[PDB]
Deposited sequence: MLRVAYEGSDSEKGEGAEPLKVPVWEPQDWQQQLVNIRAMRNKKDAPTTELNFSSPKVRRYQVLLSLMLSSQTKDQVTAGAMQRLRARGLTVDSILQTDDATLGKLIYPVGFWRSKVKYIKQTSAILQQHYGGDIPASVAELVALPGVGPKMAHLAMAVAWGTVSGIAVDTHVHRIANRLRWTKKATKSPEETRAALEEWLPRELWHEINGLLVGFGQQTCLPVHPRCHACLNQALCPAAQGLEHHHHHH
């Protein structure tokens, strides 16, 4: 089983480079699972505080599957504005919530295949939902940050072209106890250091170990 060189120390350096650091009240674990899924569906192209503001405005009215289905599209749009792609997210949340009401007893699904079939729910959100809502490690949630950093550090046997290719390559060697945590670490690492353009390699602890920085 192939594994990249120096990956242990590289992850140690990413842990040291992170910046400085609440938990919300849920009426029941079942309602929490729905709100966990909704926050994942709202975060696309959105700063975390804007997503939290939308979640706070939804909770202030009562954030359940039934109350969402009783909220018309225009009202739901004003509530989640200005999250990115808010008009599409209104459609995704209403259609998903109707699926959960009809077929899942108001709960969220408990498998990746069923989650990614929901409107506006991709494999990245599905693996995060499995970990956060059900406590299940089903896979690695690969966004553009994880895909870029894994290829810069050569954490894949060969360079991958798509995020789900990166997921399959990372899961072949990455220990399973790190599958959930690696998403939050690399997302932050890509946001503050390993930038999409002009990465801050001069101030990165991985420069002497990074194949991208060395060539």
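Where the deposited sequence has no C-alpha coordinates (positions from 1, in order): Gaps vs deposited seq, in order: 1 to 23, 45 to 48, 243 to 250.
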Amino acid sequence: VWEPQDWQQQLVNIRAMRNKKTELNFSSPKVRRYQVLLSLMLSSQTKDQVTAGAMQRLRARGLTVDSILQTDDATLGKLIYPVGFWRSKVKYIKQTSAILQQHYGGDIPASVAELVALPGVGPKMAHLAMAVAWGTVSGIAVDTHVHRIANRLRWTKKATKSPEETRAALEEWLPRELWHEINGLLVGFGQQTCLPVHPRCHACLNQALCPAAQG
From here on, numbers count along this sequence of modelled residues.
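On mean Cα temperature factor in this entry, is 86 to 94 or 140 to 148 the higher one? Going by the record's values, the stretch with the higher mean is 140 to 148.
Identify the stretch, either 125 to 133 or 109 to 117, whose C-alpha atoms have the larger mean B-factor according to the entry. Higher mean C-alpha B-factor: 125 to 133.
Report the option among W155, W179, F189, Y34 whose CA atom has the maximum B-factor in the deposited record. In this record, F189 carries the highest C-alpha B-factor of the candidates.
For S44, return the chain-relative third of its C-alpha B-factor as stated in the PDB record: lowest, middle or highest. Its C-alpha B-factor belongs to the highest third of this chain's values.
Just say lowest, middle or highest third for the CA B-factor of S67 relative to the other modelled residues in its chain. According to the entry, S67 has a C-alpha B-factor in the chain's middle third.
B-factor third for the C-alpha atom of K161 within its chain: It falls in the top third of the chain.
Please rank the C-alpha B-factors of the chain's modelled residues and tell me whether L185 sits in the lowest, middle or highest third. As the PDB entry reports it, the C-alpha B-factor of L185 lands in the highest third of its chain.
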